[PDB]
Every structure is written in C-alpha cells, then in structure tokens.
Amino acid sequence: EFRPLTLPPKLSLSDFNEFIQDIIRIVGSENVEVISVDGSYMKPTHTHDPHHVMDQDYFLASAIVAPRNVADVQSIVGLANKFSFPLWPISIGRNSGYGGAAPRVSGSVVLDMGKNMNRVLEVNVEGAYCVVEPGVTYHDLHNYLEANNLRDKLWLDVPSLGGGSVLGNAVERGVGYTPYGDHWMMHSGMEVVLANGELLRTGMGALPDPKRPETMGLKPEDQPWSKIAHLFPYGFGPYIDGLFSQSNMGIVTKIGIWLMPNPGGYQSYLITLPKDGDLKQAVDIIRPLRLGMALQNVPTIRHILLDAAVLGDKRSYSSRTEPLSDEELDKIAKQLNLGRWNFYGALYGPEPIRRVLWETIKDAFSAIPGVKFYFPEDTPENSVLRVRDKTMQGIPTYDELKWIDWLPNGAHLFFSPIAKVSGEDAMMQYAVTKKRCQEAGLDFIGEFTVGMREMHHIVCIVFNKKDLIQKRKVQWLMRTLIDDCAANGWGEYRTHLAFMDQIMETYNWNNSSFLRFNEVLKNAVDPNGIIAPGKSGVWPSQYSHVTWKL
C-alpha cells in the first residue's frame, strides 16, 4: 500500500514505498498491512494502544508486518538497516495497560512475530521444560499439553488471563501464581535475531548439537539444540540473557521455559481480612511464612474492589460518580462475603505435607480478629477463588477481564511500584497511592503479589477512554505517583509507553550512570538504531532526547 498516516523519522514517502514493496516481495501481500479501531482482547489491535491514555493516534504504526519465519526477520532487519526504519517487535501484542502493540515511536513497522511463528517446538518430560515461539499463548500451550495427555505429568504457570504469550511475557519479566511464578527466572536457552541480523543462541544454546546425518544442511534457525541448552541457563562466560528482557537489544525468536511437574496433591484457598488496616498485620504474617517456605506459590493480597469489579461494574454497586466511600467498601465486602483485603494461596504436595503447612498458615492468621478461611467449594458458583483455583494450578482463564469494565468505556493502566514485605511499608505505599487516587476522582483498585523478599504492587487505575478530562486526570495521577513513590524510596518494575522515560529518570543514582551504560551497549550493537528506539527510556544516538523523551 501507499500513503500511510504517520511515517518514521527522516524517511520519505518514496523510501516507505520502496521498503514496503520489498517487504511485500518477501512475505506476501497477505502478511503486510499498511495504515492509511481499538478491537478487543480476542482480536487484539496491532497498530496502536487500545487502552489509550494519550490521544488515540499518539502511539501508532505506519504498517504492520508478520514474518513467516526466522529468515524473514533476518530479511526485514537488513531492510530496516538499509533504510534506517525503526521496528517494534510484538509476540501477541496483549500488553494492554502498558501500551498493547503500539510502538514507542510513531511511524514504526510493528513486527507481528506471533501471527506465523506459532509453534510449541518441544515439550521435554525428563527435562521438565518446553521450547516456544513468540505466538504460543498460554492457552495454546495448555491445549498442547491436553492433546498429548501431558496434563498428568507437567503443569504450566499462568498470569491472571490466558491470552498472553509465554515468551513475550517472560521477556517482560511478568509474574504468575504457582511456585514457578517468576516467569523470566524459569527461562533457559533463548534464540535472538540481533540488529545487524545475525542469529545468536544463549547459555548452552551456544554449544552446538553434534553433527549427525539427520540434521545436516538445516538453516541455523531450524537446527536442534545441544542436550544441556534448556537445563542450565548460564553456559560459559558473561551471562548475557538479561540484556534481552525489558530492552531493545534484539528480536526474540524462541525461548525455553521450565515446567513444574505435577506435585501429586493440590489445594487452593482464601483467607479474608476484615478491615482496611489489617493489611499491616497480614503483610507482617506473610513475611516469615514466605521466607521459610510454608508459602509455596506466589500469594496475592487483593483489594475488595478488585474482586468486586470481576463480579460487576460500578453502576451495579452504586450510581455515584465520585469515589466510593470507606463505608460503602465495607458494605460491598459483606454483600460478597469477602474482607477488605483478600489473601489467595495454595498448598502443593502429598496430603501429609499440605496438612502441616495449612495448620501453620491458619494458625498464624488466627491472630487477626474476624478472619475467615475458605476452599473453593465453600464459595459461590461465580467466585474469584473458583477462578483462582484454576489459575494456581496452571489452567488458563479469561474471567478476570471483567474488572476492566468497572467504568463505562473502561481501559486499564498499571502503576507498578515494588515494596518490602513489611506491614509498615505496605501501609505507607498504599496510603500514598490512595490519597492521589482520591484527588483525581478515582477509586483505588489494587493488589499485591508476594515475592520472596519483595512485593509487586499493581495499582489498577481504570478509566473511560472517551473522557477527555479524566484521561488528563489519569496522566496527572500517573506522573505524580511516579514522583512521590521515588521520594519514598520505591521504583516501578514495568510501565506504559508514555511513562518509560519518566520512570527511567527515577533510576538516576550517580548522575544517571545506569542509563548511560545502557546507552553505550545499545549503540555498540545497533548502530543505525532500528531496533525499538525508546524502549525503557533507552534511545540510540540518532534520536535526540529533546525531540523524543516524554
């Protein structure tokens, strides 16, 4: 196609068309869409941000391209280098709340890796691992295990929803709820296409499988891996895998994620905490239980409106437009049989072991007045525990999508600071976020997901995307929370396209030495700067800061 809405920096219309006709040459017209609609969670947009905070055409592509295979990524990269054309690599593009598929720089080509590079490449039982392409979603992998009856030997680890990409998510450092919840840390053996176009495989993925007749003459992308590849991440020398998570260092084509074997015994559960300030005693209780391993998985401490919103929109609870009051929160708590804060967990293993742990657990949370213990069966048909019962055993759902519909044309945006595992700190962080949320006229809706020694605080800001005024209120809230949290010693672990620079300016110890050194490595390997300029505040030398930061 011919005249796009936005073009990339310094490129001419004649240049765009020579490039696109070249890309059409390589991947067929069926795999290249020019842009001369927000969609859903089932048919994800690939051109812009669907949960749009800035204007709707603010972060938008010039064309979308779907490589049919690894060589196609090599061809497109050389062309991007020929013309200086910035690319934006997505796997599924389901990063809503962080931008979705949109490119940080308008005019880029979005690289739809997933549409054709789809395959579960290997599921190895003795190694208890799998090897996946960008396009394998969580659901997809789950159906792969079920079609080969692997469900009885190996389990998955899913975030809250089922449409994400196993790899896309893992390269973002996302989180899940089984004992294998730190997705990125369960990776081992990635394959990458660099900016120059060369294929690289990490760790022991660099040790080649020995020559044998059946594998002779296969292109590099299509060769097998040597035995240790997906069993030990480190290989030899500098361990470079992290330069490929939350970065613009290369295009990820394949990855190995470790799978947890069926533990032969599972029991999900729910502890309800009666009052808004029981968060302080609860987090003090979780600390030693987490650190001592009575708490096997990644427990979540959810805020009442988070469960409530799954169950119904705000109009269904009050016709009010201002933030619901404290007492209306207590009111909803009791209608659902939930507390003010809800703790979701699970016990894994033989009966004998679960029993002892569940006893210490119950017994510890008993020192909190009015506390109450529930297993799925003890709760309503539509409950959140019934849904998390599947979530905490690797089975993918879609139910939690409904909280996004809290307000009319609801869109979410995550504010994700990290806090210690201490009641005092947790309260202090919540205090600070609640106050700003009220000032902007928004209900506070969050959850803490409990790591070993840290807590991911996901403040879930939901808002009406057709409201100009509130869209500006959310932009004012987001930046204010970034800054206040920084003045209290907390940083965010992940963000949306528009807060990237700001959030990265926050990590400025010693005069910004952490971004400086990121800038050096990025120019070294990406001299024409075509691989995702902007990602995480890291800009190649030819994109001036003054012109592009936000």
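The numbering used is simple: start at 1 and walk along the sequence shown.
I want to verify a possible break: how many residues of the deposited sequence sit between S36 and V37 without any coordinates (none, 1 to 3, 4 to 9, 10 or more)?
Count of unmodelled residues in between: 4 to 9.
Decide which of the stretches 192-200 and 323-331 has the higher mean C-alpha B-factor, going by the entry.
Per the deposited B-factors, the answer is 323-331.
_Given 399-407 and 457-465, the range whose Cα B-factors average higher in the PDB entry_ = In the deposited entry, the stretch with the higher C-alpha B-factor mean is 399-407.
| Among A487, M54, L481, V520, where is the Cα temperature factor highest, going by the PDB entry? | Among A487, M54, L481, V520, the highest C-alpha B-factor in the entry belongs to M54.
| task | Identify, among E133, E447, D182, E122, the residue whose C-alpha carries the highest B-factor in the deposited PDB entry. | result | Of the options given, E447 has the highest CA B-factor in the PDB entry.
Can you tell me which third, lowest, middle or highest, the CA B-factor of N81 falls into for its chain?
-> As the PDB entry reports it, the C-alpha B-factor of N81 lands in the middle third of its chain.
- Message: Quick check for you: using the entry's CA B-factors within this chain, is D284 in the lowest, middle or highest third?
- Response: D284: CA B-factor falls in the middle third of its chain.
- [ ] Compare the C-alpha B factor of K549 with those of the other modelled residues in its chain, then answer lowest, middle or highest third.
- [x] Within its chain, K549 is a lowest-third residue by C-alpha B-factor, going by the deposited values.
- prompt: If you rank the chain by CA B-factor, which third does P527 end up in: lowest, middle or highest?
  reply: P527: CA B-factor falls in the middle third of its chain.
**Request:** Could you look up the Cα B-factor of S29 in the entry and say which third of the chain it sits in: lowest, middle or highest?
**Result:** Highest third - that is where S29 ends up once the chain's C-alpha B-factors are sorted.
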